[PDB]
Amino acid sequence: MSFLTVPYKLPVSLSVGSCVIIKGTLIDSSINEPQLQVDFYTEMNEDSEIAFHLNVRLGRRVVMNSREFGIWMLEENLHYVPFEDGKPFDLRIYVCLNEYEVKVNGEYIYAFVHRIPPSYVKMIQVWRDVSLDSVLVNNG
């Protein structure tokens, strides 16, 4: 089946216990830009609040933040970058009471404490030059 077209947008409803699962492959083909970006918006509009932002800079860092009232807030940086140019990845973002649990390829890498209640998220966008296999939201 074909890769999803990027930028890829998905309307969503998140609650405690929801799990966002993103599968794809990153390419080392950008210059001064991340190779993957994930944004959780509070409206189906790119000017709305970003409750959760993640971007991947291969070989350098994974960056997480929020954009509240138009402003990028406290940046949280990881120098553990479990993504590899040309290799497939499994990115899982699990909504807990107090944080998102960020998981890559079966490794628990970061807990991002909620700044906006995740019940306010309405749209996920996945973009940059990722070859995107699937994006889904599950719960039980």
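All residue numbers refer to positions in the sequence shown, first residue = 1.
- 31 to 39 and 59 to 67 differ in mean CA B-factor, and the higher of the two is recorded for 31 to 39.
- Taking the PDB entry as given, 80 to 88 carries the higher mean Cα B factor of the two stretches 41 to 49 and 80 to 88.
- Residue-level temperature factors show residue 19 in the middle third of its chain, judged at the C-alpha atom.
- Residue 13 sits in the highest third of its chain by CA B factor, as recorded in the PDB entry.
- Looking at the C-alpha B-factors along this chain, the one for residue 102 belongs to the lowest third.
- Per the deposited record, the Cα B-factor of residue 111 falls in the middle third when ranked against the other modelled residues of its chain.
- When all modelled residues of the chain are sorted by CA temperature factor, residue 96 is found within the lowest third.
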